[PDB]
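# any chance you can model this:
(2 chains, ligands or ions: 4)
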Amino acid sequence: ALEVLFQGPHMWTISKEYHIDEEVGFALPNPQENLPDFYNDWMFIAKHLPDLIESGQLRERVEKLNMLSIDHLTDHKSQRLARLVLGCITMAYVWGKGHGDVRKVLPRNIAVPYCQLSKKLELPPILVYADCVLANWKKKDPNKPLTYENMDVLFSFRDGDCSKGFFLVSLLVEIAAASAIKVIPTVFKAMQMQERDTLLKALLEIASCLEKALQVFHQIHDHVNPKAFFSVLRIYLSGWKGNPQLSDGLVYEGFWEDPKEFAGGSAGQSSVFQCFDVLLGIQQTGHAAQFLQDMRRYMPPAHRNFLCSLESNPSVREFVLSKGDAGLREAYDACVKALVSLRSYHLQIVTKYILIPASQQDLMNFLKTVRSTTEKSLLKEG
Amino acid sequence: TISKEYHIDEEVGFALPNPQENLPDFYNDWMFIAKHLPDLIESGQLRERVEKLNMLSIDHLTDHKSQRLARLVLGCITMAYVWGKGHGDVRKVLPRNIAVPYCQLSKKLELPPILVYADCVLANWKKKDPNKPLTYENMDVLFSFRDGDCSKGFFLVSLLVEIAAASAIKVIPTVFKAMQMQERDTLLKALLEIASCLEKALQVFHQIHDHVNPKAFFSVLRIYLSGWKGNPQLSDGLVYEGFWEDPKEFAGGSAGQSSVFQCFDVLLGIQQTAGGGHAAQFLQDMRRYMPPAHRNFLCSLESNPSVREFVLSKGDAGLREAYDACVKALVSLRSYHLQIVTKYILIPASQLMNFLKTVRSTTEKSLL
Ligand code: HEM
Ligand code: HEM
Ligand SMILES: O[C@@H](c1cn(-c2ccccc2)nn1)c1c(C2CC2)sc2cncn12
Ligand SMILES: O[C@@H](c1cn(-c2ccccc2)nn1)c1c(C2CC2)sc2cncn12
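Numbering: from 1, shown residues only, chains lettered A, B, ... in the order given. Ligands and ions are numbered 1, 2, ... in the order given. For reference, the structure is listed below:
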C-alpha cells in the first residue's frame, strides 16, 4: 500500500491488507460461532428466529431488548459475527412472517448498535453476502476438510427455508474460485517480465479453477428446493431500495432522522466473480453495470480495495490481443468460456428456482446481460 | 514521492502541465471549428460545419498531450453541436464523422465521450508568458463557447484552486510514512502543512467574484456545461452515430470530477462516498469521469490505512487538533462554495444545494 504510492500500481504479490485467505479466499476464515456473554440476549433471538417468527413472539423480543454497547466486540471476527447476528434479526423484524405485515421502523436498542458496528466495518446496516455467506459458517470437525458434510451455517430464518443449502453452496463456490486468486500475481508479474509461457500456464490454471467451480455449483439441486427458495428464503433476503413495501426505506431509530434505502443481499456483492471480470477485461461495470458498481459499496472495504487495485493494473485482455499468439488467446478464452459456462448454468438455476415457481403462485434481463457481456469478450468464438 | 504513473505534477498537481496549444496540421478542420465556436454558434453555421466534416483518423495523435487537446477540441465541439445557440433546439444525434473519432479517442484515454473537468479545466489553459508565474494575469484558456460567457473566469479560477490544493498532495506520502513508522511529530507537522495549503486555497477561491458574473454564468456557461444523463432535454441520451446503436447517457462536466477534492476526503477519512445517499453515489460515479491515473491514485489512497482512525486511536490532543485543522479548512472551503452557488445559481434562478450541503455536513460531522 505504501510501496504502491511510491512505485505505482503493481500487484507482484497479494498483500495481507486485502484480507484474502490462501484457502477460503474472500470468505471469512474460521468465523466466530459465539459472542461474549454480554450479548446473550442478541444471540438467543438470532439462534431462534424460526420459532420466534412462527410463534409471533419475535417483534416483542426485539422491542423488549436493552441497548447493548458495541464496545465489548474487541476483534474483527466478533464484530463480523455481531453484524451477521443483528443483520439476521433486522430482516426477521422488518419482514416478520413474510406475508405483507412490514415494520418500517427499526427499534433504537437494535438500530443504534447495528449502524454503529456497520459504520465501524464500513458496511451498510443491512444483511449482505459478506454476512450470510462469507461469515455464516462453521466446520463440524476442524480436522475434516471443507466439504458440505463437514460444514454448517450459523443462522437461519425459517424452518425448511433451505438457508443452509443456499448459503453453503454459494460459499463452496466462493472457495472453489479462490484457488484462482493465488494465480493473479503470477499473471501480472509474467506480463511485466514478458514471460509468455508463464502467462499461458497461469491463464490455464485460472481456467482450471473456474471449471472446477462449475462442478461445485451442481450441488444446489441437492440442498435447495424451488418452493422453499421462492416462497420463503427470497422474502428474508429482500431489501429496502426501490421496494414498494418500504418505498422510502427503513427508519434506523436513534441513528438517522429520515428513512434510509439499502439494497438487499445479492451475489452481485461477491468479490470473487467481480475480480475475474476485472482481471479478464470484461467491462461489466447500463442498469447491470451500475448495479455491479453499486454492489462494491456492499463488500468489505479490503475486498473493495482489491477490486480497484486490479483495475489500476495493466490489462491482461489488451496484452493478449496485442501479441498475435494463438496459444495465449486460447488460454485467455479458456478463462472467459469458464465464466460463460458458470453464468449460463446460473441462468438455468434461476429458471428452476425463480422463473418457474413465480408462474405457479427483470433479474433475468440482468443475468442475460451479464452473460452476454462475458460471451462477447471471447477472442475466437466458443 | 508519489509515482510518476499517477500523473500528478510537482507544480500543477492533477492539472495537465503545459497543455498543447495546437494539434497537427491533419486536424486543422477540427481546430478551425473549436477556435471559432462563439462566432459559428451565433451565426448558426456551427452545425453545418460539423455535418460537412470528413471523418479524420485518431492515429495522427501520437502523444498523450495531443490526445488530450483533441479530446478538449472534440468535446467543446460536441457540446456546441448538441446545445446549439442554447435555447431549446437540441440535437439528439451526433454526426458519424465526429462521433466515431470522439468515442475512439475517448476509449483510448478511458474517458466518457463528453466534455469533462479534466478537459475544460485541467487541459484548457496556457501561460501568456512562460517566465512569468502561474497567476490569473499570466494565464488564459484555450477554448470558449460564447462571447461574454465568463469561460476564462470560471475555468481559470477552478484551475488556480486546483494548483493551490496541489501543494498539499506532496505531503500525502509523508503522512502515510509517518503513520507506518510511528513518527508522531512528523505526522503532526504534515497534518498542519496540509491544513496550511487548504487555508491558502480558500484565499484563491475569492477571485471568482472578480472574473465571473451571475447573469453570464447562469444564462450562458451553464448551458454548454450541461450533459445528457437524467436530462429532460435528451431523456434517452445522445446518439453516437457510427459507434453505438442505442443513445448513451453521460453526465455533464462537474467539479465533482476534481481529483484533488476527493483525495482530501479520502486522506482525512471523510466517508463522502458512503451512506448510499445521492451525494455519495454521484461522487463515486464522477471518478469514472476522471483520468484513469488519477482514478488509480484515489483507489491507492483508499487502500492505505485510515489517518482518521489512527488519530482517534492515539489519545493525543495535539494530533487531533492538527487533524481538525485539516477538516475545518475543508468545511470552510465547502461553506464558502455554498455562498458562491447562492449568488451564481440560486438567486439568478429566482429572476444541487442539497448536494453541496450534504457534502459540507459530512465534512463537519468528521471533526473530533
Ligand atoms: C438457488 C440457486 C440460486 C438462485 C435462485 C440464484 C439467484 C440469483 C439472482 C436472482 C441474482 C441476481 C442478483 C440479485 O438481484 O440479487 C443472482 C446473481 C448472481 N449469482 Fe446466483 N443464485 C443461485 C445460486 C448461486 C450460487 C450457488 C452462486 C455462487 C457463488 C451464485 C452466484 C451468482 C453471482 C456471482 C451473481 C452475480 C451476477 C453474475 O456475475 O453472474 N448464484 N443469483
Ligand atoms: C462561479 C462559481 C461556482 C459555481 C456557481 C459552482 C457551482 C457548483 C455546483 C452547481 C456544484 C455541484 C456539482 C454539479 O452539479 O456539477 C459544484 C461542485 C463543486 N465545486 Fe463549485 N462552483 C463554482 C466555483 C468553484 C471553484 C472555483 C472550485 C474550485 C476548484 C469549485 C469546486 C467544487 C468542488 C470540489 C465541487 C464538488 C463538491 C465538493 O466537494 O464540495 N467550485 N460547484
Ligand atoms: O442475490 C441474492 C439473491 C436474491 N434472490 C432473489 C430471489 C427471488 C427474487 C428476487 C431475488 N435470490 N438470491 C443471493 C444471495 C444472498 C445471500 C446474499 S447468495 C446468492 C447466489 N445467487 C444469488 N444470491
Ligand atoms: O460542477 C460544475 C458545474 C455545474 N454547474 C451548474 C450550474 C447551474 C446548474 C447546474 C449545474 N456549474 N458548474 C463545474 C465545472 C464544470 C466545467 C466542468 S468547473 C466547476 C467549479 N465548481 C463547479 N464546477
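
# quick one, domains of chain A?
A:1-29+A:171-382, A:31-137 (automatic domain parsing).

# quick one: closest of those domains to chain B.
Ranking the domains of chain A by proximity to chain B (Cβ to the nearest Cβ) places domain A:1-29+A:171-382 first, at 3.5 Å. From N, CA and C alone the C-beta is placed, and that goes for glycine too.

# do the closest one and chain B meet at all?
Yes - Domain A:1-29+A:171-382 reaches chain B (Cβ under 8 Å from any Cβ of the partner chain) through A:1-2, A:4-9, A:17, A:241, A:260-262, A:293-294, A:297, A:301, A:304-305, A:308-309, A:311-312.

# now tabulate the domains of chain A in a markdown table and tack on distance to ligand 2.
What follows is these, written out as a markdown table (distance: least, Cβ to the nearest ligand atom, whole Å):
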| stretch | distance to ligand 2 |
| --- | --- |
| domain A:1-29+A:171-382 | 18 |
| domain A:31-137 | 20 |
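
# tabulate these in TSV, adding columns for mean neighbour count and distance to residue A:148.
Formatted as TSV, those follow (neighbours: other Cβ atoms under 10 Å in any protein chain shown; distance: least, Cβ to Cβ, whole Å):
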stretch	mean neighbour count	distance to residue A:148
domain A:1-29+A:171-382	18	6
domain A:31-137	19	11
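
# just so I know, which of those domains lies nearest residue A:149?
Closest approach to residue A:149 among those is made by domain A:1-29+A:171-382 (10.9 Å; Cβ to Cβ).

# what parts of the stretch 151-300 of chain A come near ligand 3?
Taking Cβ under 6 Å from any ligand atom as the contact definition, the stretch 151-300 of chain A meets ligand 3 at A:170, A:234, A:237, A:265, A:266, A:267.

# what about 5 Å?
Proximity of the stretch 151-300 of chain A to ligand 3 (Cβ under 5 Å from any ligand atom) is limited to residues A:170, A:234, A:265, A:266, A:267.

# now distance to ligand 1 and secondary structure too, for the residues you listed, in CSV please.
As requested, those are arranged in CSV below (distance: Cβ to the nearest ligand atom, whole Å; DSSP: H, G, I helix; E, B strand; the rest coil):
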residue, distance to ligand 1, secondary structure
A:170, 4, helix
A:234, 8, helix
A:265, 7, coil
A:266, 3, coil
A:267, 3, helix
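
# and the furthest pair within these?
Maximum distance among those (Cβ to Cβ): 14.4 Å, for A:170 and A:234.

# can you map out the helices along the stretch 101-250 of chain A?
A:108-121, A:129-132, A:163-178, A:184-193, A:196-217, A:220-223, A:226-228, A:234-237 (DSSP state H, counting those that start in this stretch).

# just the angle between the fifth one and helix A:184-193, please?
Computed with axes from the mean of the first three to the mean of the last three Cα atoms, to 10 degrees, the direction of helix A:196-217 lies at 160 degrees from that of helix A:184-193.

# just the C-alphas of helix A:196-217, formatted as PDB.
What follows is helix A:196-217, C-alpha atoms only, in PDB (Å, rounded to 0.1, in the frame of the first residue of the first chain):
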ATOM      1  CA  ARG A 196       4.800 -15.800 -22.300                       C
ATOM      2  CA  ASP A 197       4.900 -19.500 -21.300                       C
ATOM      3  CA  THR A 198       4.400 -18.500 -17.600                       C
ATOM      4  CA  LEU A 199       1.400 -16.300 -18.600                       C
ATOM      5  CA  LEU A 200      -0.100 -19.200 -20.600                       C
ATOM      6  CA  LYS A 201       0.400 -21.600 -17.700                       C
ATOM      7  CA  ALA A 202      -1.200 -19.100 -15.300                       C
ATOM      8  CA  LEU A 203      -4.200 -18.400 -17.600                       C
ATOM      9  CA  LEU A 204      -4.900 -22.200 -18.000                       C
ATOM     10  CA  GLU A 205      -4.600 -22.700 -14.200                       C
ATOM     11  CA  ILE A 206      -7.200 -19.900 -13.600                       C
ATOM     12  CA  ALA A 207      -9.500 -21.600 -16.200                       C
ATOM     13  CA  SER A 208      -9.000 -25.000 -14.400                       C
ATOM     14  CA  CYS A 209     -10.100 -23.400 -11.100                       C
ATOM     15  CA  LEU A 210     -13.300 -21.700 -12.700                       C
ATOM     16  CA  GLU A 211     -14.100 -25.100 -14.400                       C
ATOM     17  CA  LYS A 212     -13.900 -26.900 -11.000                       C
ATOM     18  CA  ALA A 213     -16.200 -24.100  -9.600                       C
ATOM     19  CA  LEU A 214     -18.900 -25.100 -12.100                       C
ATOM     20  CA  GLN A 215     -18.800 -28.700 -10.800                       C
ATOM     21  CA  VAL A 216     -19.300 -27.500  -7.200                       C
ATOM     22  CA  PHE A 217     -22.300 -25.400  -8.300                       C
END
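
# out of the helices of the stretch 101-250 of chain A, which comes closest to ligand 4?
Nearest to ligand 4, of all these, is helix A:108-121, at 28.7 Å by Cβ to the nearest ligand atom.

# thinking residue A:207 is in contact with residue A:334, fair?
Yes - in this structure, residue A:207 is within contact of residue A:334 by Cβ atoms under 8 Å, at 3.7 Å.

# circling back: among the residues of domain A:1-29+A:171-382 next to chain B, which ones are in helices?
Judged by DSSP state H, those include A:2, A:4-7, A:293-294, A:301, A:304-305, A:308-309, A:311-312 as members of helices.

# which of those sits closest to ligand 4?
Of all those, residue A:293 has the smallest distance to ligand 4: 21.1 Å, by Cβ to the nearest ligand atom.

# what about stretch A:52-67, start to end distance?
Its first and final residues considered, stretch A:52-67 spans 20 Å by Cα to Cα, to the nearest Å.

# wait, I meant stretch A:151-162
14 Å.

# ok, that stretch near ligand 1 or not?
No - using Cβ under 5 Å from any ligand atom, stretch A:151-162 stays clear of ligand 1, with a minimum separation of 7.7 Å.
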